[PDB]
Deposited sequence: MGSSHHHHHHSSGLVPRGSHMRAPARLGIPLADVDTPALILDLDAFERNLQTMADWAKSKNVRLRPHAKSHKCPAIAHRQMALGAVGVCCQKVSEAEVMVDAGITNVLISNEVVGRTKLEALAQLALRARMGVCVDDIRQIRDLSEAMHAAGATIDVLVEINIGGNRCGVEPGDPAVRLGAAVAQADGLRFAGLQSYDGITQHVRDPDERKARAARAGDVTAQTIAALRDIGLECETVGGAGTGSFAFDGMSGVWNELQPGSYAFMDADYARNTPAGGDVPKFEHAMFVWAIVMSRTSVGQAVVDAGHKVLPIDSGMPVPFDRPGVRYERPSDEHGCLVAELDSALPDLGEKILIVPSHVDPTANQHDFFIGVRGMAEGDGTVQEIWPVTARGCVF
């Protein structure tokens, strides 16, 4: 898979569409976050689902992250293979081969996984037993996401018991994350919903303490809740992922530290037929639209709309705001995570307040198993 850049060339010669990382903004975002974590004596475990890029995992580990999160065994394999020593699979795993593969991972790095069912505890036990390996296990409670996780309270307690009492499974604490909280616009709404999850998570921590189980890790938090979760004295290992790059969806939140746009799709105008519209070579195959529309970076009046597989329409009231034929433009993605998954490389660029100084493979793209 050939990259659309070489070290040293300016931005203007990077082929399109590419995934651009403003290395200056990116490193300030990483620094901003790592400092704030330490300043509240909570651990940092950045989500690698955001970027699927070992280079960036390494950059996060250099600023004192305890490890990274992954969603799937194959992501964790890739991160381990690149010398990431501490990986939490912030998710449940079900399937004979996935668990067998997960054991083999436990032998070669400090692995974590989550469980929300006794059935998973059982199957995770035997697999680590057969391979003679041990894995830290979180119990995942459903605090409002209504995705995975057992009801908070007694149901989490019993699973916590089953994890301590089962072979190869060291009970390591709770996973407690609500995707819905992360993008609540008003920050009193966002704090209040975070505070309520905190109370529910505190009750489960307390009910486990009553049967002689401490929580080494109270895991969770996203880019929208980490500040309240970090401050609650309930969570101690924050898992934000979007914070390093930012997207248009997070831009809509009202704000605790602030993050800079550091991830962009770089697109050429390839049709300019009428006034009031320019079409770029970046459509929803490189700018997924699960979270509304991407936004042209620092170019007011100009919106991106009506994308196809391989086209985006730039539209504005003022003809010269839109780029002409042959001109390239930076586009803010609508959602960091699915956008990283649509590119084989991050093109790291310095000077953008620009020249290519890094080419990092998105090695984890395709690790869905």
property: In sequence order, the deposited-sequence ranges that have no modelled C-alpha atom; result: 1-20, 276-279, 378-380
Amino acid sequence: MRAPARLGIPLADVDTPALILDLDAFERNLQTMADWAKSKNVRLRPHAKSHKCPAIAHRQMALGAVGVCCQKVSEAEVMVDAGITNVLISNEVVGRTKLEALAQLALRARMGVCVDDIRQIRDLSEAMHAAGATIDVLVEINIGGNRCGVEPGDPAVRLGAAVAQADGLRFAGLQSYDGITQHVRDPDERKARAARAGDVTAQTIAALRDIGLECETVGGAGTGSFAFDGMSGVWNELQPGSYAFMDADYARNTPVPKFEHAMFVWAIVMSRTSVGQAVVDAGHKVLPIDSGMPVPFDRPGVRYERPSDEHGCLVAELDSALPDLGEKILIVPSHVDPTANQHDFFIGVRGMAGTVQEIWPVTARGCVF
From here on, numbers count along this sequence of modelled residues.
{"item": "Given 25-33 and 45-53, the range whose Cα B-factors average higher in the PDB entry", "value": "25-33"}
{"item": "Stretch with the greater mean C-alpha B-factor as recorded in the entry, comparing 322-330 against 306-314", "value": "322-330"}
{"item": "From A197, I121, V279, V265, residue of greatest CA B-factor", "value": "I121"}
{"item": "Criterion, highest CA B-factor; candidates, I89, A248, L107, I289", "value": "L107"}
{"item": "For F226, the third of its chain into which the C-alpha B factor falls", "value": "middle"}
{"item": "Third of the chain's Cα B-factor distribution that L63 belongs to, per the entry", "value": "highest"}
{"item": "Chain-relative CA temperature factor third for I143", "value": "lowest"}
{"item": "Among modelled residues of the same chain, the CA temperature factor third for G354", "value": "middle"}
{"item": "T181 - Cα temperature factor, lowest/middle/highest third of chain", "value": "middle"}
